[PDB]
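In: Once you've seen the sequence and the experimental structure below, I've got questions.
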Amino acid sequence: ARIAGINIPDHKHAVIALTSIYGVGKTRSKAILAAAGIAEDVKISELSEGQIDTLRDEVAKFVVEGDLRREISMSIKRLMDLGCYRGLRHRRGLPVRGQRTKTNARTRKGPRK
Amino acid sequence: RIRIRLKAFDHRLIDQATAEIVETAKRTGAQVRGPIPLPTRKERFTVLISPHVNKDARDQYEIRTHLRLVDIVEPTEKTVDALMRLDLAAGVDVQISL
Amino acid sequence: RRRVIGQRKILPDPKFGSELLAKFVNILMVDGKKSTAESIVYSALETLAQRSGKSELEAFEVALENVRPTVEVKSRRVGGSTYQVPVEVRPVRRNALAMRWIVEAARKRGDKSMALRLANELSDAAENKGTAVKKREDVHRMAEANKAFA
Amino acid sequence: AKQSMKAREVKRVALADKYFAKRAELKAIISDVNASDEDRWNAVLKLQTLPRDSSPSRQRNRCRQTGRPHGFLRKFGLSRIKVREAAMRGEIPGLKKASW
Amino acid sequence: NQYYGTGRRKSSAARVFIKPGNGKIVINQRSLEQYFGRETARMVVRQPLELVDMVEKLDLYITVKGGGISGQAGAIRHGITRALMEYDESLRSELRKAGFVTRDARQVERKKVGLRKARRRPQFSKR
RNA sequence: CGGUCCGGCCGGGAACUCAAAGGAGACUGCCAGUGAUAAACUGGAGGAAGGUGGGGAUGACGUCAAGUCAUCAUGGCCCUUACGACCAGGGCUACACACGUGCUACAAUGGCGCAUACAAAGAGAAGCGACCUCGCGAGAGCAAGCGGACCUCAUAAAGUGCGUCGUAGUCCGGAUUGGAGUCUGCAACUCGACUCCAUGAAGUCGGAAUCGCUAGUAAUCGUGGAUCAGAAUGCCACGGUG
C-alpha cells in the first residue's frame, strides 16, 4: 500500500516514497505510518479495505514537495536590495557562514581540479 | 560532642603533634583511642614557568595536606578547656569545634 | 648503533597455551582492539572446513610455511649513492612476514567477512597462486646480480 | 599599568555585589502575565533595563597584585609569575616546588 | 583443611580460599560468567589449577576488589598459586619451576615534564 | 558470629583490600666465561625483583656580533591645544598571494538504532544540584542531601549484545540552506549558544616528499578541572583497550 509518490519496493520498508517530501522525512514518516498500525516489525504490503483513504488524507494536511521547497530559497529573496551584508551578499557571490577568508578565498574563483 | 582536627603539610610533623594530643588526653585521664592517618588530600596547579617564553612546556605543582581526627575519649575541663582557649600548636593547625 | 634492546617473550593463548595464535592476534589487532581478531580466529579454520579443510593438527602453521618470503633486502653504503643487497632471514622473521603476507593478500579487494576472505586464501595455501607469489618472482630475478661485488 | 583599567574595576566587580550579582528577577516581572495574547506592561521594559555604567556583563576580576587580565590564580591571590616568586622565597604556606 | 592465598596485579587485589572435597567456583558471590562472561581470556586462573584438576576433588571460593578483567585474572592466579603451594610439598617445587610465583608490578609511566604526548616528541623534520 | 528498611544496614571483628608510618631485601656481593692470576662486562643462581634497580627533582664552564624595556626598574629621545583620559562606534572575523598544524568521514575486520559491565581522578553552602515533572525539546518548575570517605556533578565510552544497513563510489557522511523555537544581556545585522521538523554535499589513506616510539611506549576511546553574562576544535591532569 502507498499514500504518496508513484511506486514503492514491496515490504522492504513502508517509509520509502513517504520519506524526503519536505516537512516529512525520516522522523514523521514512522509516526504517520503508526496511524494505520504500520510498523518496522513483521513488515507487509497488504492494507485491509476502508483503511487507506484517511491515512492518504494525513499526508495532505499541509504542502508537499516543490511548493514547500520554495521556502528554503526564499530568505535569500526576501532581502537583496539593501546595501547591508545580508542584502549585498544575496545579490553578489560572497561568503555568509563566518568562515576565514585569508587563506582559502581562492575557492570562490572556481574548481579545483 | 566537642571534636578536634589536626592539619599539617608534613607527614612526620603531624605524628609528632599527634603524640602530644595523646599525651594531653592521658595527662589526667587513662582512656585513649588509636589515631587514624586517613587518605592524603591533594590539589594540583599548572602555570607558565618564567616571565619569558618557555612556550612548549608549562610548569607543574602539587599540594598535599595531612589531616587527623584523633578522637578524645574523655574531653574533660582539666584536659581540653585551656587548649580550646589557647593553642599553642606550632607547625600544624589545631581546630576544636562543638 | 647497537639495537639489540632488552628481551620480550610475550604471553601464550588462554584456551590451549598456543604461542603462534597469541602472536597472530597481534597482527589482526587494529585501534588496540583484540576482539575483532577473535571473531576471525578459529572461524577461518572452521570455514575452511566448508570447502577443503583436511587435517587440523597444526591449524594454519603449514599454510604459513607454504607461504614463503625470500626476497627481503637491505641498503649498503660508503657515502652518498647506495647499493642494494639481499638477506637470508631467520625463521622468526620468515614467520612474522608470512603472517602479514597472507592477511594483506586476503585484504587486497573489498568483500564480506574476513574469516571467509581468509578461508578463501587458506584454501589457496596448498597451491599458492597470484597474491603472495607473483611479485616475489618479478624481484627474485635480481637476487644474484645484487651479490656480485658483495 | 594604565590606571584607567583599575578605575573600571572599582565600579564593576568591586560595586556589583549588592546590585547586579542577583538582578534577573527585576526583568522577569515583564514576563509575569495573567493570560496569553494579553499585555499589561508595554515599553516599561526599557526603564527596568536602563542601567549602562553597571552590568552583570563586562566584569573582569584581574590579578589583584599586577592588574593583569590573564594568568591569575584565585586560590593564592597571585599570578603565574608571582606564584614562583613567593614559592622560591618560601613566603607562601603549603606550596613546594619539587621533589614530591 | 582450609588453604588460603592472596595476590595483586594491575590495580586489583584478590583473596582465594580452597577446601578438599568436591565443590564449585564462586567469585564475588556469583559465577565466572555473570560479569566475567564479556571477555575471552579468564582461563589464566586455571594455569596452576590443572595440577589438582578443575573442581572435581576440591571447593574454590574467590573474592576480588578493584581493577579490570585482565588485572583481576592475574591477581586471582597469584592467589591460587599462593594457596596451592601449601596444598602439597611436591607442588611447592612445581609452582616455583613454572614461574607462577613471579609478580608483574608496572602499570604506568611518570613525568618528566613537558611533552603534550608525554613520551612522543613533536615532528623535528620539515619545512 | 548475633539481629536485620535484608542494605556492611546495626552490633561487632581486625582476618582481607586500602589509607599509612616503621623493619627486612640487592652489595656486582656469589659462581663461570672473556680479559694486564687487573679493572670491567656477558651469562648463571637466589627472590616478588637487580645490574645508573625500574623512575623523579635532574642542568658544571662558556654560549649567537642571539631574544625580552608588554612581568619590574632604569640612561637617553619625544608628545602633552596629546603617541592622554571619559564615552559612542570601529579594527583585531580586508585576501588581489604565500605556508602549515589539527579533527571528522573516506568504512565492512564497519556504521546506525536500542539495551547492558567497569571506574580513576577533580569539583561542589548567594555553590554541586537528586527526586518528581510541564513540553517535541533546549529550557522552565518545585525542592532534598552536602561544609564533602557519610549527598551532588555522574547509568564512563570504547568493550558485551540483538535487530538492521551494504560497495551503490555510499538515502553513508548530515556539513549546509529554511521552518519552529528556548535563553543570556542595554542589545544577538555581520559575528552568540542549545533544541525539534525539514534540507541535502565532497569523500575508496592518497603525489613529488616525509614523521614518532623499542612498553604500559607507539596505536585507540571515554572522564574531569581552571578561565565563566551566553558559547572553545583553546590549555592541563585521570582511566579502559594496548
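Out: Noted; the coordinates are in hand. Residues are numbered from 1 along each chain as shown, chains lettered A, B, ... in the order given.

In: and the longest helix along chain E, what does it pack onto?
Out: Using DSSP state H to define each element, chain E has its longest helix at helix E:71-87. Helices and strands touching helix E:71-87, as assessed by 3 or more CB pairs under 8 Å, 6 or more residues apart in numbering or on different chains; DSSP states H and E, comprise strand E:3-9, strand E:12-20, strand E:58-65, helix E:89-97. No exception for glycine: its C-beta is placed from N, CA and C like everyone else's.

In: Distance to chain C and mean neighbour count added to those, as a markdown table?
Out: As requested, those are exported to a markdown table (distance: least, CB to the nearest CB, whole Å; neighbours: other CB atoms under 10 Å in any protein chain shown):
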| stretch | distance to chain C | mean neighbour count |
| --- | --- | --- |
| strand E:3-9 | 13 | 18 |
| strand E:12-20 | 17 | 19 |
| strand E:58-65 | 17 | 17 |
| helix E:89-97 | 16 | 12 |
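
In: and of these, who's closest to residue C:106?
Out: Nearest of these to residue C:106, taken as CB to CB: strand E:3-9 at 36.2 Å.

In: How about residues contacting the closest one?
Out: E:13-19, E:67, E:71-87, E:103-104 (CB atoms under 8 Å, 6 or more residues apart in numbering or on different chains).

In: Can you tell me which of these are buried?
Out: Among these, those classed as buried by neighbour count (16 or more other CB atoms under 10 Å in any protein chain shown) are E:13-18, E:67, E:71-85, E:87.

In: Who are the contact partners of residue D:45?
Out: D:27, D:30.

In: did I read that right, it in a strand?
Out: No. Checked against DSSP: H, G, I helix; E, B strand; the rest coil, residue D:45 lies outside a strand; its state is helix.

In: quick one: residue E:93 and RNA strand F, what's the gap?
Out: The spacing between residue E:93 and RNA strand F, counted by CB to the nearest atom of the strand, to the nearest Å, is 10 Å.

In: could you pull out the helices for the chain?
Out: Defaulting to chain A. A:28-33, A:52-55, A:66-69, A:75-78, A:85-88.

In: look at chain D instead
Out: Going by DSSP H, chain D shows helices at D:4-11, D:25-28, D:45-48, D:80-89.

In: Can you tell me which of those helices is packed in deepest?
Out: helix D:80-89 (a mean of 17; mean count of other CB atoms under 10 Å in any protein chain shown).

In: May I have that helix exported as CSV, CA atoms only?
Out: Provided in CSV are the C-alpha atoms of helix D:80-89 (Å, rounded to 0.1, in the frame of the first residue of the first chain):
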residue,chain,number,x,y,z
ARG,D,80,51.8,32.7,37.2
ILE,D,81,55.0,34.8,37.7
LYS,D,82,54.3,35.7,41.5
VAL,D,83,53.4,32.1,42.4
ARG,D,84,57.1,31.2,41.5
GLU,D,85,58.4,34.4,43.2
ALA,D,86,56.6,33.7,46.5
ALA,D,87,57.4,29.9,46.3
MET,D,88,61.2,30.4,45.6
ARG,D,89,61.4,32.8,48.6
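
In: Could you confirm whether that helix reaches chain E?
Out: No. Using CB under 8 Å from any CB of the partner chain, helix D:80-89 never reaches chain E; the gap is at least 14.7 Å.

In: elements contacting that helix?
Out: Using 3+ CB pairs under 8 Å, 6+ apart, helix D:80-89 sits against strand B:41-47, strand B:59-68.

In: re the thing from before, ok, and of the buried ones among the contacts of strand E:3-9, which contact RNA strand F?
Out: Applying CB under 7 Å from any atom of the strand, the subset of those adjacent to RNA strand F comprises E:13, E:15, E:67, E:71.

In: Kindly indicate which of these lies nearest residue C:30.
Out: Among these, and counting by CB to CB, the member closest to residue C:30 is residue E:71, at 23.3 Å.

In: residues in contact with the closest one?
Out: Per CB under 8 Å, 6+ apart, neighbours of residue E:71: E:9, E:10, E:11, E:12.

In: for residue E:13, same thing?
Out: E:6, E:7, E:64, E:65, E:66, E:67, E:75.

In: so it bridges to which residues?
Out: In this structure, residue E:13 bridges to residue E:8, residue E:65 when assessed by DSSP bridges.

In: and chain C, which residues reach chain E?
Out: C:14, C:15, C:35, C:38.

In: try 10 Å this time
Out: C:11-17, C:22, C:25, C:34-35, C:38, C:41 (CB under 10 Å from any CB of the partner chain).

In: want to throw these into TSV with secondary structure and distance to residue C:73?
Out: Output for the residues of chain C next to chain E, formatted as TSV (DSSP: H, G, I helix; E, B strand; the rest coil; distance: CB to CB, whole Å):
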residue	secondary structure	distance to residue C:73
C:11	coil	33
C:12	coil	33
C:13	coil	34
C:14	coil	38
C:15	coil	39
C:16	coil	37
C:17	coil	36
C:22	helix	30
C:25	helix	29
C:34	coil	32
C:35	helix	36
C:38	helix	35
C:41	coil	32
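
In: Go through these and say which is closest to residue E:32.
Out: Looking across the residues of chain C next to chain E and measuring by CB to CB, the closest to residue E:32 is residue C:14, at 12.9 Å.

In: I'd say the closest one and residue C:34 touch.
Out: No. Using CB atoms under 10 Å as the test, residue C:14 is too far from residue C:34 to be in contact (11.5 Å).

In: tell me, what's touching the two both at once?
Out: Shared contacts of residue C:14 and residue C:34 (CB atoms under 10 Å, 6 or more residues apart in numbering or on different chains): C:22, E:40, E:41.

In: Pull out the buried residues from the residues you listed.
Out: C:22, E:41.

In: will you turn the shared contacts of residue C:14 and residue C:34 into CSV that also has distance to chain B?
Out: Below are the shared contacts of residue C:14 and residue C:34 laid out as CSV (distance: CB to the nearest CB, whole Å):
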residue, distance to chain B
C:22, 39
E:40, 36
E:41, 33
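
In: Dump the shared contacts of residue C:14 and residue C:34 to a markdown table, plus distance to residue C:146.
Out: Formatted as a markdown table, those follow (distance: CB to CB, whole Å):
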| residue | distance to residue C:146 |
| --- | --- |
| C:22 | 36 |
| E:40 | 46 |
| E:41 | 45 |
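
In: any idea which of the shared contacts of residue C:14 and residue C:34 is closest to residue B:77?
Out: residue E:41 (65.1 Å).

In: what sits against that closest one?
Out: So residue E:41 contacts C:11, C:13, C:14, C:15, C:22, C:34, C:38, E:69, E:70, E:73 (CB under 10 Å, 6+ apart).

In: Over to residue C:132?
Out: C:66-69, C:98, C:100-102, C:104-106, C:108, C:121, C:124-125.

In: Using the three-state scheme, assign it.
Out: coil.
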